[PDB]
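Asker: Enclosed is the structure file entry38.tsv (TSV, C-alpha atoms and all ligand atoms).
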```tsv
chain	number	residue	atom	x	y	z
A	1	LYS	CA	-20.09	-3.24	34.99
A	2	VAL	CA	-17.22	-4.35	32.76
A	3	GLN	CA	-13.86	-2.67	33.48
A	4	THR	CA	-13.05	0.43	31.41
A	5	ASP	CA	-10.19	0.93	28.91
A	6	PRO	CA	-8.10	2.78	31.44
A	7	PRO	CA	-9.48	1.10	34.55
A	8	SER	CA	-11.82	3.26	36.62
A	9	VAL	CA	-14.48	0.92	38.05
A	10	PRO	CA	-13.91	-0.15	41.64
A	11	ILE	CA	-13.39	-3.89	41.99
A	12	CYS	CA	-16.37	-4.01	44.40
A	13	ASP	CA	-18.66	-2.74	41.59
A	14	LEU	CA	-17.42	-5.45	39.21
A	15	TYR	CA	-18.55	-8.20	41.62
A	16	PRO	CA	-22.01	-7.16	42.89
A	17	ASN	CA	-22.48	-10.18	45.22
A	18	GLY	CA	-19.26	-9.22	47.04
A	19	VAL	CA	-17.57	-12.52	46.27
A	20	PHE	CA	-14.16	-11.96	44.69
A	21	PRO	CA	-12.13	-14.25	42.42
A	22	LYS	CA	-9.88	-16.86	44.01
A	23	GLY	CA	-6.20	-16.82	43.21
A	24	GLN	CA	-4.29	-19.97	42.23
A	25	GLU	CA	-5.12	-22.82	44.66
A	26	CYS	CA	-2.49	-25.48	45.35
A	27	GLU	CA	-2.27	-28.71	47.33
A	28	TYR	CA	0.30	-28.48	50.12
A	29	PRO	CA	3.65	-30.00	49.49
A	30	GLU	CA	-13.94	-32.30	57.26
A	31	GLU	CA	-13.08	-30.04	60.22
A	32	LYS	CA	-10.50	-28.16	58.12
A	33	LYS	CA	-13.05	-27.31	55.43
A	34	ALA	CA	-15.27	-25.88	58.17
A	35	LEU	CA	-12.24	-24.04	59.54
A	36	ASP	CA	-11.46	-22.65	56.06
A	37	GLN	CA	-15.07	-21.55	55.49
A	38	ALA	CA	-15.26	-19.87	58.91
A	39	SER	CA	-12.59	-17.37	57.79
A	40	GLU	CA	-14.10	-16.85	54.33
A	41	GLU	CA	-14.76	-13.13	54.93
A	42	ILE	CA	-11.01	-12.67	55.48
A	43	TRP	CA	-9.94	-14.63	52.39
A	44	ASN	CA	-12.49	-12.70	50.37
A	45	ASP	CA	-11.06	-9.34	51.50
A	46	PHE	CA	-7.56	-10.46	50.42
A	47	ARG	CA	-9.02	-11.52	47.06
A	48	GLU	CA	-10.66	-8.12	46.53
A	49	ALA	CA	-7.34	-6.45	47.23
A	50	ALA	CA	-5.52	-8.90	44.93
A	51	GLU	CA	-7.87	-8.25	42.00
A	52	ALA	CA	-7.23	-4.50	42.42
A	53	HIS	CA	-3.50	-5.31	42.34
A	54	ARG	CA	-3.83	-7.42	39.16
A	55	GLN	CA	-5.80	-4.71	37.33
A	56	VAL	CA	-3.54	-1.85	38.47
A	57	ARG	CA	-0.32	-3.65	37.47
A	58	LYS	CA	-1.65	-4.67	34.04
A	59	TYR	CA	-2.45	-1.00	33.43
A	60	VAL	CA	1.00	0.08	34.65
A	61	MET	CA	2.74	-2.40	32.27
A	62	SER	CA	0.87	-0.77	29.35
A	63	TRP	CA	2.32	2.73	29.81
A	64	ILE	CA	5.46	2.60	31.93
A	65	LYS	CA	8.22	3.87	29.63
A	66	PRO	CA	11.65	5.50	29.83
A	67	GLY	CA	11.35	9.28	29.75
A	68	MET	CA	8.67	9.42	32.48
A	69	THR	CA	9.73	10.79	35.85
A	70	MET	CA	9.54	8.44	38.82
A	71	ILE	CA	7.05	10.87	40.37
A	72	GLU	CA	4.81	10.69	37.27
A	73	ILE	CA	4.94	6.88	37.34
A	74	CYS	CA	4.05	6.63	41.04
A	75	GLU	CA	1.22	9.19	40.91
A	76	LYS	CA	-0.36	7.56	37.84
A	77	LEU	CA	-0.14	4.09	39.49
A	78	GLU	CA	-1.45	5.35	42.85
A	79	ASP	CA	-4.32	7.21	41.20
A	80	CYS	CA	-5.52	3.98	39.63
A	81	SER	CA	-4.97	1.98	42.81
A	82	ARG	CA	-7.06	4.42	44.87
A	83	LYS	CA	-9.86	4.22	42.29
A	84	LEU	CA	-9.98	0.43	42.01
A	85	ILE	CA	-9.60	-0.26	45.73
A	86	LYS	CA	-12.31	2.38	46.35
A	87	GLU	CA	-10.18	4.12	48.90
A	88	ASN	CA	-12.10	4.68	52.16
A	89	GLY	CA	-9.97	5.85	55.10
A	90	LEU	CA	-8.52	2.79	56.92
A	91	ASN	CA	-11.22	0.42	55.66
A	92	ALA	CA	-9.83	0.22	52.11
A	93	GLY	CA	-6.74	1.79	50.61
A	94	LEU	CA	-3.08	1.68	49.64
A	95	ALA	CA	-1.21	-0.59	52.03
A	96	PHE	CA	2.23	1.04	51.61
A	97	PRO	CA	4.00	3.43	49.23
A	98	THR	CA	4.83	2.57	45.62
A	99	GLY	CA	8.37	1.16	45.51
A	100	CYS	CA	10.07	1.85	42.15
A	101	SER	CA	13.65	1.12	43.19
A	102	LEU	CA	16.23	1.42	40.42
A	103	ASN	CA	19.33	-0.53	39.38
A	104	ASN	CA	21.49	-1.40	42.44
A	105	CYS	CA	18.67	-0.22	44.69
A	106	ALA	CA	16.41	-3.14	45.47
A	107	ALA	CA	13.71	-1.93	47.86
A	108	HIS	CA	12.14	1.03	49.66
A	109	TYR	CA	12.75	3.85	47.17
A	110	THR	CA	9.88	6.04	46.10
A	111	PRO	CA	10.47	9.65	45.14
A	112	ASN	CA	9.93	12.53	47.57
A	113	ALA	CA	8.77	15.97	46.33
A	114	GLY	CA	11.24	17.61	43.98
A	115	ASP	CA	12.91	14.37	42.84
A	116	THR	CA	13.80	14.87	39.18
A	117	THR	CA	14.77	11.25	38.46
A	118	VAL	CA	13.75	10.04	34.99
A	119	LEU	CA	13.35	6.34	34.15
A	120	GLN	CA	15.96	5.31	31.55
A	121	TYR	CA	16.05	2.63	28.83
A	122	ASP	CA	18.77	0.67	30.66
A	123	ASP	CA	17.06	0.92	34.09
A	124	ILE	CA	15.83	-2.11	36.04
A	125	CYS	CA	12.90	-0.92	38.17
A	126	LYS	CA	11.22	-2.90	40.91
A	127	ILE	CA	7.53	-1.99	41.16
A	128	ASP	CA	6.33	-3.08	44.63
A	129	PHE	CA	2.93	-1.72	45.62
A	130	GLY	CA	0.26	-2.83	48.05
A	131	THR	CA	-3.50	-2.68	48.41
A	132	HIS	CA	-5.72	-3.64	51.35
A	133	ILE	CA	-9.32	-4.21	52.31
A	134	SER	CA	-9.98	-3.99	56.06
A	135	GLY	CA	-6.24	-4.29	56.71
A	136	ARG	CA	-5.93	-7.56	54.72
A	137	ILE	CA	-2.82	-6.56	52.73
A	138	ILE	CA	-1.52	-7.71	49.33
A	139	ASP	CA	2.23	-7.22	48.91
A	140	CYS	CA	3.08	-8.16	45.32
A	141	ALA	CA	5.88	-6.97	43.08
A	142	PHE	CA	7.51	-7.35	39.66
A	143	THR	CA	10.52	-5.96	37.80
A	144	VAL	CA	10.25	-3.60	34.78
A	145	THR	CA	13.01	-3.48	32.15
A	146	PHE	CA	13.29	-2.28	28.55
A	147	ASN	CA	16.64	-3.74	27.52
A	148	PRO	CA	16.56	-7.49	26.88
A	149	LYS	CA	20.05	-7.82	28.40
A	150	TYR	CA	18.42	-8.33	31.84
A	151	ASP	CA	16.07	-11.08	30.66
A	152	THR	CA	17.90	-14.03	32.30
A	153	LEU	CA	18.41	-12.11	35.56
A	154	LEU	CA	14.62	-11.53	35.64
A	155	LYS	CA	13.93	-15.18	34.83
A	156	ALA	CA	16.24	-16.31	37.65
A	157	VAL	CA	14.42	-14.23	40.25
A	158	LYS	CA	10.96	-15.18	38.97
A	159	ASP	CA	11.85	-18.86	39.07
A	160	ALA	CA	13.35	-18.44	42.58
A	161	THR	CA	10.15	-16.71	43.77
A	162	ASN	CA	7.93	-19.43	42.28
A	163	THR	CA	10.16	-22.05	43.95
A	164	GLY	CA	9.72	-20.35	47.35
A	165	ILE	CA	5.96	-20.26	46.68
A	166	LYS	CA	5.88	-23.97	45.83
A	167	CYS	CA	8.00	-24.96	48.87
A	168	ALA	CA	5.88	-22.97	51.31
A	169	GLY	CA	3.26	-24.84	53.31
A	170	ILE	CA	1.84	-25.62	56.73
A	171	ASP	CA	4.56	-27.19	58.93
A	172	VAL	CA	7.33	-26.28	56.45
A	173	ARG	CA	10.51	-24.94	58.06
A	174	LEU	CA	11.33	-21.37	56.96
A	175	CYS	CA	15.02	-22.29	56.57
A	176	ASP	CA	14.05	-24.94	54.00
A	177	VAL	CA	12.23	-22.33	51.91
A	178	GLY	CA	15.33	-20.10	51.94
A	179	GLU	CA	17.64	-22.98	50.98
A	180	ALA	CA	15.37	-23.93	48.07
A	181	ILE	CA	15.11	-20.35	46.76
A	182	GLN	CA	18.90	-19.94	46.87
A	183	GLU	CA	19.56	-23.23	45.08
A	184	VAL	CA	17.27	-22.25	42.18
A	185	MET	CA	18.43	-18.62	42.03
A	186	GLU	CA	22.12	-19.60	41.95
A	187	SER	CA	21.53	-22.14	39.14
A	188	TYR	CA	21.28	-19.11	36.80
A	189	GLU	CA	24.25	-17.40	35.16
A	190	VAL	CA	23.78	-14.15	33.26
A	191	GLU	CA	25.79	-11.94	30.91
A	192	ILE	CA	25.23	-8.16	30.93
A	193	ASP	CA	27.43	-5.81	28.89
A	194	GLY	CA	30.11	-8.49	28.33
A	195	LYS	CA	30.52	-9.46	32.02
A	196	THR	CA	29.15	-12.74	33.37
A	197	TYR	CA	27.69	-13.35	36.81
A	198	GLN	CA	26.15	-16.10	38.92
A	199	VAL	CA	22.86	-14.64	40.26
A	200	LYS	CA	22.99	-14.22	44.04
A	201	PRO	CA	20.05	-13.84	46.42
A	202	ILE	CA	20.33	-10.64	48.49
A	203	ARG	CA	20.91	-12.33	51.84
A	204	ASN	CA	19.72	-9.55	54.18
A	205	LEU	CA	16.40	-9.10	52.40
A	206	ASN	CA	13.53	-11.45	53.28
A	207	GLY	CA	9.93	-12.40	52.70
A	208	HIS	CA	7.66	-11.99	55.72
A	209	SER	CA	4.40	-12.97	57.42
A	210	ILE	CA	1.60	-10.42	57.15
A	211	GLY	CA	-0.89	-9.54	59.89
A	212	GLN	CA	-3.94	-7.30	60.07
A	213	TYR	CA	-2.77	-3.76	59.30
A	214	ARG	CA	0.72	-5.19	59.77
A	215	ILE	CA	2.93	-5.55	56.70
A	216	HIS	CA	5.60	-7.38	58.73
A	217	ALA	CA	4.00	-9.63	61.33
A	218	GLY	CA	7.28	-10.94	62.73
A	219	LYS	CA	8.21	-14.19	60.97
A	220	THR	CA	10.78	-13.72	58.20
A	221	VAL	CA	11.17	-15.93	55.11
A	222	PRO	CA	14.90	-16.24	54.30
A	223	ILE	CA	16.12	-16.26	50.69
A	224	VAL	CA	19.45	-17.96	51.44
A	225	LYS	CA	20.33	-21.09	53.45
A	226	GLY	CA	21.22	-20.84	57.12
A	227	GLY	CA	18.01	-19.35	58.55
A	228	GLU	CA	15.61	-20.42	61.32
A	229	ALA	CA	13.80	-23.78	61.46
A	230	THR	CA	10.64	-22.04	62.74
A	231	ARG	CA	7.67	-23.54	60.91
A	232	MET	CA	4.92	-21.87	58.91
A	233	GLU	CA	1.48	-22.41	60.48
A	234	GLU	CA	-2.09	-22.88	59.28
A	235	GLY	CA	-3.90	-19.55	58.91
A	236	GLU	CA	-0.72	-17.51	58.38
A	237	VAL	CA	-0.32	-15.22	55.39
A	238	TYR	CA	3.12	-14.59	53.81
A	239	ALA	CA	4.73	-12.27	51.30
A	240	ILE	CA	7.04	-14.65	49.43
A	241	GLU	CA	9.50	-12.35	47.69
A	242	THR	CA	13.01	-12.91	46.40
A	243	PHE	CA	15.67	-10.45	45.25
A	244	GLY	CA	18.64	-11.38	43.02
A	245	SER	CA	21.76	-9.29	42.44
A	246	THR	CA	24.90	-9.04	40.30
A	247	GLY	CA	26.62	-7.16	43.17
A	248	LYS	CA	27.61	-8.29	46.70
A	249	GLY	CA	24.20	-9.81	47.45
A	250	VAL	CA	23.93	-7.48	50.48
A	251	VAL	CA	22.02	-4.19	50.78
A	252	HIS	CA	22.80	-1.11	52.83
A	253	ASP	CA	20.77	2.04	53.61
A	254	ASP	CA	21.34	4.69	50.94
A	255	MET	CA	19.93	7.96	49.60
A	256	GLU	CA	17.14	10.09	51.07
A	257	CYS	CA	14.44	8.33	53.11
A	258	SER	CA	10.87	8.37	51.79
A	259	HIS	CA	9.18	5.42	53.58
A	260	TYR	CA	8.05	5.59	57.25
A	261	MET	CA	5.75	3.48	59.45
A	262	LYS	CA	4.48	3.69	63.00
A	263	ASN	CA	5.91	1.04	65.33
A	264	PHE	CA	3.05	-1.46	65.73
A	265	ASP	CA	3.76	-2.07	69.42
A	266	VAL	CA	3.82	1.59	70.41
A	267	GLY	CA	0.57	2.75	71.99
A	268	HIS	CA	-0.77	6.22	72.85
A	269	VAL	CA	1.87	8.83	73.58
A	270	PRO	CA	0.93	12.25	74.93
A	271	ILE	CA	2.76	14.94	72.94
A	272	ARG	CA	2.54	18.68	73.62
A	273	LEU	CA	4.93	19.97	70.95
A	274	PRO	CA	2.31	21.34	68.56
A	275	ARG	CA	3.67	20.43	65.13
A	276	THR	CA	4.76	16.97	66.27
A	277	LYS	CA	1.39	16.27	67.94
A	278	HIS	CA	-0.46	17.39	64.79
A	279	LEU	CA	1.64	15.18	62.54
A	280	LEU	CA	1.14	12.17	64.84
A	281	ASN	CA	-2.61	12.82	64.67
A	282	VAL	CA	-2.46	12.97	60.87
A	283	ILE	CA	-0.56	9.68	60.75
A	284	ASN	CA	-2.95	7.97	63.19
A	285	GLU	CA	-6.04	9.10	61.25
A	286	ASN	CA	-4.75	8.38	57.72
A	287	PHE	CA	-2.32	5.46	58.04
A	288	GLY	CA	-2.57	3.88	61.50
A	289	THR	CA	0.15	1.19	61.47
A	290	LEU	CA	0.32	1.13	57.66
A	291	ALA	CA	3.47	2.49	55.98
A	292	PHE	CA	3.35	5.89	54.30
A	293	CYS	CA	5.71	8.23	52.43
A	294	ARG	CA	6.41	11.97	52.37
A	295	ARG	CA	4.52	12.49	49.11
A	296	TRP	CA	1.41	11.19	50.90
A	297	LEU	CA	1.83	13.81	53.64
A	298	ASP	CA	2.22	16.52	50.97
A	299	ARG	CA	-1.02	15.45	49.28
A	300	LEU	CA	-2.92	15.86	52.58
A	301	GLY	CA	-1.77	19.48	52.65
A	302	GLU	CA	0.89	19.01	55.34
A	303	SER	CA	3.96	21.22	55.14
A	304	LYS	CA	6.83	22.09	57.44
A	305	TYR	CA	6.61	18.57	58.84
A	306	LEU	CA	10.11	17.21	58.41
A	307	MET	CA	11.27	18.18	61.88
A	308	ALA	CA	8.05	16.77	63.39
A	309	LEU	CA	8.64	13.53	61.46
A	310	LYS	CA	12.21	13.32	62.76
A	311	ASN	CA	10.97	13.88	66.29
A	312	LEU	CA	8.54	10.95	65.98
A	313	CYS	CA	11.39	8.81	64.61
A	314	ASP	CA	13.73	9.84	67.42
A	315	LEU	CA	10.98	9.07	69.95
A	316	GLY	CA	10.68	5.57	68.46
A	317	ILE	CA	6.99	6.17	67.62
A	318	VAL	CA	7.68	6.07	63.88
A	319	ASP	CA	10.48	4.13	62.16
A	320	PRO	CA	12.22	5.23	58.94
A	321	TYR	CA	12.83	2.69	56.15
A	322	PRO	CA	15.42	4.13	53.79
A	323	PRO	CA	16.19	2.72	50.34
A	324	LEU	CA	18.13	-0.54	50.43
A	325	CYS	CA	20.83	-0.78	47.79
A	326	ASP	CA	23.63	-3.11	46.77
A	327	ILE	CA	26.93	-1.76	45.48
A	328	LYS	CA	27.20	0.88	42.79
A	329	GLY	CA	27.01	-0.57	39.26
A	330	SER	CA	25.18	-3.77	40.33
A	331	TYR	CA	21.77	-4.88	39.07
A	332	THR	CA	18.97	-6.18	41.32
A	333	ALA	CA	15.55	-7.70	40.47
A	334	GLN	CA	12.53	-8.71	42.56
A	335	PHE	CA	9.36	-10.79	42.17
A	336	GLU	CA	6.80	-11.33	44.91
A	337	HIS	CA	3.36	-12.77	45.68
A	338	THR	CA	1.14	-12.96	48.80
A	339	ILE	CA	0.02	-16.48	49.77
A	340	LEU	CA	-2.71	-17.61	52.17
A	341	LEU	CA	-2.09	-20.80	54.20
A	342	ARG	CA	-5.74	-21.85	54.29
A	343	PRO	CA	-6.76	-25.00	56.17
A	344	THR	CA	-7.64	-26.81	52.92
A	345	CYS	CA	-4.99	-25.49	50.53
A	346	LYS	CA	-2.36	-22.88	49.73
A	347	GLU	CA	-3.73	-19.98	47.71
A	348	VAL	CA	-1.38	-17.74	45.70
A	349	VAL	CA	-3.94	-15.02	46.09
A	350	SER	CA	-2.15	-12.41	43.98
A	351	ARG	CA	-1.25	-14.76	41.08
A	352	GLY	CA	-2.21	-13.38	37.66
A	353	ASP	CA	-1.97	-14.27	33.97
A	354	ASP	CA	1.13	-12.03	33.92
A	355	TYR	CA	3.25	-13.61	36.71
A	401	LIG	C1	10.02	-3.26	52.52
A	401	LIG	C2	10.43	-4.74	52.72
A	401	LIG	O1	9.37	-5.49	52.28
A	401	LIG	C3	11.60	-5.07	51.79
A	401	LIG	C4	12.01	-6.56	51.82
A	401	LIG	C5	12.25	-7.01	53.25
A	401	LIG	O2	13.27	-7.52	53.64
A	401	LIG	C6	11.06	-6.71	54.19
A	401	LIG	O3	11.34	-7.07	55.54
A	401	LIG	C7	11.20	-8.48	55.75
A	401	LIG	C8	10.77	-5.18	54.14
A	401	LIG	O4	11.89	-4.60	54.60
A	401	LIG	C9	9.62	-4.90	55.12
A	401	LIG	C10	8.30	-5.66	55.13
A	401	LIG	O5	10.03	-4.71	56.49
A	401	LIG	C11	9.67	-3.54	55.85
A	401	LIG	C12	8.37	-2.91	56.33
A	401	LIG	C13	7.58	-2.35	55.14
A	401	LIG	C14	7.53	-1.11	54.64
A	401	LIG	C15	6.82	-0.87	53.33
A	401	LIG	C16	8.38	0.04	55.16
A	402	CO	CO	6.45	-5.82	48.54
A	403	CO	CO	7.20	-7.61	50.92
```
Using structure tokens, write down the structure from this file.
Ligand SMILES: *C[C@@]1(O)CCC(=O)[C@@H](OC)[C@]1(O)[C@@]1(C)O[C@@H]1CC=C(C)C
Ligand SMILES: [Co+2]
Ligand SMILES: [Co+2]
Answerer:
Amino acid sequence: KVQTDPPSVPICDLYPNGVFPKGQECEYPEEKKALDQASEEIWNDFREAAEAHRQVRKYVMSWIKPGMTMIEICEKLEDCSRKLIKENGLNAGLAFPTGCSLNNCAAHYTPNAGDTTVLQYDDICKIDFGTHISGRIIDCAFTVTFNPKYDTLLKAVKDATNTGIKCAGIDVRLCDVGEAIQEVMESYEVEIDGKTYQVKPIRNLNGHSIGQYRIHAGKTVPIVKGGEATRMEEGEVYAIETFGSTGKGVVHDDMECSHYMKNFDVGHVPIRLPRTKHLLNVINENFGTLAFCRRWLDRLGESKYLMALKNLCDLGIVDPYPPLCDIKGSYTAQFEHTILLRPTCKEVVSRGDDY
């Protein structure tokens, strides 16, 4: 129909012909039109996922407020995402857990069960959540703040992300994208509680190509100079994300781990330990090679699984992705879109009227 006040209509029911809205189409910085059209079912699946992401995030921006717990925020977001993507096993669903990393933490925090963290007025929270249709994944992310003191830090990172998006293209060197992002990001100076800083890109965080059911398909997009001159290629899909910091501009692993994901290259492994076998079966049926978090095991009724999960990590079947944080007292921000390198044009598929 039309979407409801608090969104509840699946995107696929809003577009009855099954043709979903294009994102922003850009010229790059005959046969190729036939090539583009031959993969139209794929582009269309990304667009369906991107429209779910646009409607979910608009809803989130309407209610996210200090005083909510991080668990309340993530469950209310994920509820809406499951409804609008019309969750259906591995055919449609959430691509990876809801990041809501706070303050000096830049990526890969979501709360586990029991976490009592409450969002504060002075917090800077990176909302990074993903949707997919048939494994075509949108990774798109924005920063939430309530104090206007962070406004220039947010503007720096947004401008750096849009610069990486504009520089991207077929035959562009990945190192050139990183150099461009850094030059824009470092042109910003900010003042927060009487201290001034030049914004720095977080050098050991990266954008990344995306493959089917594969959030990180192996090519990395640097956000500082000095990276690889490997080129982007026609048909590739990238998460162009940047992270800026008032700290060292370097993240380390910190806090409890919540995010896990099966190693894409690992195939069948016979396991006889009962609890570890069961948990591997649960992961294979519900997530495949998509990332998941502990809250998502809890909701499937799993319990007593932490030792099984460690076993799978120690076997190398699953990998842990702990929160990634700069130094204590620093502030980090993130903006991100997914882009499609179509034969005829570059589509910023997750672009919205918001960012
Ligand atoms: C989670 C992540 O996107 C943060 C930013 C990165 O640097 C990026 O790696 C290029 C990530 O680390 C990513 C894609 O590798 C992880 C895999 C994804 C999940 C959600 C655990
Ligand atoms: Co992301
Ligand atoms: Co990403």
Asker: Mind pulling up the distance from atom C12 of ligand LIG 401 (chain A) to atom CA of residue A:289?
Answerer: 10.5 Å
Asker: Set the distance at 8 Å and use all atoms listed in the file: which residues neighbour residue A:185 once local chain neighbours fewer than 2 positions away are removed? I'd like the list as number ranges by chain.
Answerer: A: 156-157, 159-160, 181-183, 187-188, 199-201, 244
Asker: Any idea what's packed within 8 Å of residue A:140, counting only C-alpha atoms, ignoring anything in its chain fewer than 5 positions away? Could you give it as a VMD selection string?
Answerer: chain A and resid 53 128 to 130 239 335 to 338 350
Asker: By how many Å are atom CA of residue A:319 and atom CA of residue A:208 apart?
Answerer: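 For atom CA of residue A:319 relative to atom CA of residue A:208, the distance reads 17.6 Å.
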Asker: Find the residues of chain A that sit at most 12 Å from ligand CO 403 (chain A); for each, write down the nearest two atoms and how far apart they are in Å, to one decimal. Count all atoms listed in the file. Sort by chain, then by number going up, and give it as a tab-separated table.
Answerer:
```
residue	atom	partner	partner_atom	distance
A:95	CA	A:CO403	CO	11.0
A:96	CA	A:CO403	CO	10.0
A:97	CA	A:CO403	CO	11.6
A:98	CA	A:CO403	CO	11.7
A:99	CA	A:CO403	CO	10.4
A:106	CA	A:CO403	CO	11.6
A:107	CA	A:CO403	CO	9.2
A:108	CA	A:CO403	CO	10.0
A:126	CA	A:CO403	CO	11.8
A:127	CA	A:CO403	CO	11.3
A:128	CA	A:CO403	CO	7.8
A:129	CA	A:CO403	CO	9.0
A:130	CA	A:CO403	CO	8.9
A:137	CA	A:CO403	CO	10.2
A:138	CA	A:CO403	CO	8.9
A:139	CA	A:CO403	CO	5.4
A:140	CA	A:CO403	CO	7.0
A:141	CA	A:CO403	CO	8.0
A:142	CA	A:CO403	CO	11.3
A:161	CA	A:CO403	CO	11.9
A:205	CA	A:CO403	CO	9.4
A:206	CA	A:CO403	CO	7.8
A:207	CA	A:CO403	CO	5.8
A:208	CA	A:CO403	CO	6.5
A:209	CA	A:CO403	CO	8.9
A:210	CA	A:CO403	CO	8.8
A:214	CA	A:CO403	CO	11.2
A:215	CA	A:CO403	CO	7.5
A:216	CA	A:CO403	CO	8.0
A:217	CA	A:CO403	CO	11.1
A:220	CA	A:CO403	CO	10.2
A:221	CA	A:CO403	CO	10.1
A:237	CA	A:CO403	CO	11.6
A:238	CA	A:CO403	CO	8.6
A:239	CA	A:CO403	CO	5.3
A:240	CA	A:CO403	CO	7.2
A:241	CA	A:CO403	CO	6.2
A:242	CA	A:CO403	CO	9.1
A:243	CA	A:CO403	CO	10.6
A:291	CA	A:CO403	CO	11.9
A:334	CA	A:CO403	CO	10.0
A:335	CA	A:CO403	CO	9.6
A:336	CA	A:CO403	CO	7.1
A:337	CA	A:CO403	CO	8.3
A:338	CA	A:CO403	CO	8.4
A:339	CA	A:CO403	CO	11.5
```
Asker: For stretch 12-29 of chain A, work out the shell of residues within 6 Å, counting all atoms listed in the file and skipping chain neighbours fewer than 5 positions away, then give it as a PyMOL selection string.
Answerer: chain A and resi 1+44+47-48+169+345-349+351
Asker: Those same residues, written as an mmCIF file, in the coordinates of the input with C-alpha atoms?
Answerer:
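again-v8.cif, freshly written:
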```cif
data_model
loop_
_atom_site.group_PDB
_atom_site.id
_atom_site.type_symbol
_atom_site.label_atom_id
_atom_site.label_comp_id
_atom_site.auth_asym_id
_atom_site.auth_seq_id
_atom_site.Cartn_x
_atom_site.Cartn_y
_atom_site.Cartn_z
ATOM 1 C CA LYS A 1 -20.090 -3.240 34.990
ATOM 2 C CA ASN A 44 -12.490 -12.700 50.370
ATOM 3 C CA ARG A 47 -9.020 -11.520 47.060
ATOM 4 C CA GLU A 48 -10.660 -8.120 46.530
ATOM 5 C CA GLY A 169 3.260 -24.840 53.310
ATOM 6 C CA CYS A 345 -4.990 -25.490 50.530
ATOM 7 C CA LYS A 346 -2.360 -22.880 49.730
ATOM 8 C CA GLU A 347 -3.730 -19.980 47.710
ATOM 9 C CA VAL A 348 -1.380 -17.740 45.700
ATOM 10 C CA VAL A 349 -3.940 -15.020 46.090
ATOM 11 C CA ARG A 351 -1.250 -14.760 41.080
#
```
Asker: Residues at most 9 Å from residue A:273, counting all atoms listed in the file, excluding those fewer than 4 positions away in the same chain, as a list in words?
Answerer: residues 277, 278 and 308 of chain A
Asker: Could you tell me which of A:65, A:261, A:100, A:30 comes closest to ligand CO 402 (chain A) if we count all atoms listed in the file?
Answerer: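 Going through A:65, A:261, A:100, A:30 one by one, the smallest distance to ligand CO 402 (chain A) is for A:100.
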Asker: Atom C6 of ligand LIG 401 (chain A) and atom CA of residue A:189, how far apart in Å?
Answerer: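 Computing it gives 25.5 Å between the two atoms.
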Asker: Contacts of residue A:134 at 8 Å or less, counting all atoms listed in the file, minus same-chain residues fewer than 6 places along, as number ranges by chain?
Answerer: A: 45, 90-92, 212-213
Asker: Could you check which of A:256, A:317, A:247, A:230 is closest to residue A:270, using only C-alpha atoms?
Answerer: A:317
Asker: Given all atoms listed in the file as the basis, pick out the residue of A:353, A:41, A:253, A:285 nearest to ligand LIG 401 (chain A).
Answerer: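 Checking each candidate against ligand LIG 401 (chain A), we get A:253 as the closest.
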